[PDB]
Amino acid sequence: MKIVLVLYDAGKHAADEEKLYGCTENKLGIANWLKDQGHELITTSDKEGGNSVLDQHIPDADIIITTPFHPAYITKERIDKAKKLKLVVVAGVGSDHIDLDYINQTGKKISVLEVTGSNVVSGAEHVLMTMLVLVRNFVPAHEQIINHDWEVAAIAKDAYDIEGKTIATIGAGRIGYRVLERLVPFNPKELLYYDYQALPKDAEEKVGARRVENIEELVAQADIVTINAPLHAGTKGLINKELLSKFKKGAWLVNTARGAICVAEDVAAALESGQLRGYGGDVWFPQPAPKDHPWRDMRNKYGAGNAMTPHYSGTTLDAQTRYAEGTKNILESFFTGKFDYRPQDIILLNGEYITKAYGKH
């Protein structure tokens, strides 16, 4: 079978780290296995433009392997041309770069599988880190040191402890729950969640969380809000001007989920106006983020409150080996004809939604 693998290029950085499996140079470390199994592997990072390498090979690819950090956007237009496509794999977590609703509406017999759980710890750590960086005003503090300055008050005037703050997560699944678990020993005033899926009651009690029934009530009382739900029709553009106006004034917002859950310019305006004290995360729409994307230069009134990074929290070296192995396992389930996928990896099975986490179906 013909397999098209779209990853980020490491360029000169490939020579620095052999454990960087998630790049085009290294092919998830599964190329030997795919060659021995008798398959043809096309590897590229060229995913934009009508004559990209991706588009040249879409018409007869049996399988497309993608990765969220450099996402091949498997649009309706591409799906219609993909005459042999039977399986799309996500080397990572989050399948929103594929037009899942289109596959489902047309009933096309395409399965979509992701490596659930492979980098959920990595993401939760990044949430905790970004919360602490924003609350404690770390970015301008480090900027002072490397700019050869020293002025404690310029940092302290907007630096707080996370202790005593009320923290809310939108989405309390694998990442959201792991965030709540990691926050417990920081002595927050309270931990809150909003999710149409209730936490198991034992899990709720372990972290002292309180479920809040609607999102407006959730954000209005939160000093810190974190977004940990997938991107789907019910979350696209969820964090917009109107909802942001119901946040607690001066809240901190963290989003390692998906960029498009927020309206980009609305977040930036809330930060510039003071409605938010800070925003940070690793995810953008689209990716790669253009040089002039508004989340790069946005700041609060003090010139800070920006903890943005490129999309990498789920591609730490520890995460990469896990989602590479999980990608291999998915492919093997397909190649053998067993289709013995782990239940939690299945987004679509031959066009049908199996996941419950991408809204109600």
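Numbers follow the displayed sequence, beginning with 1.
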property: Segment of higher mean CA temperature factor, 141 to 149 or 94 to 102; result: 141 to 149
property: 122 to 130 versus 72 to 80 - greater average Cα B-factor per the deposited record; result: 72 to 80
property: Top Cα B factor in the deposited entry, candidates 300, 320, 327, 32; result: 32
property: Peak C-alpha temperature factor (PDB record), options 309, 333, 67, 51; result: 51
property: B-factor third for the C-alpha atom of residue 61 within its chain; result: highest
property: Chain third (lowest, middle, highest) by recorded CA B-factor, residue given as residue 42; result: middle
property: Modelled-residue ranking by C-alpha temperature factor, third containing residue 187; result: middle
property: Third assignment of residue 275 from its chain's C-alpha B-factors; result: highest
property: Third of the chain's Cα B-factor distribution that residue 258 belongs to, per the entry; result: lowest
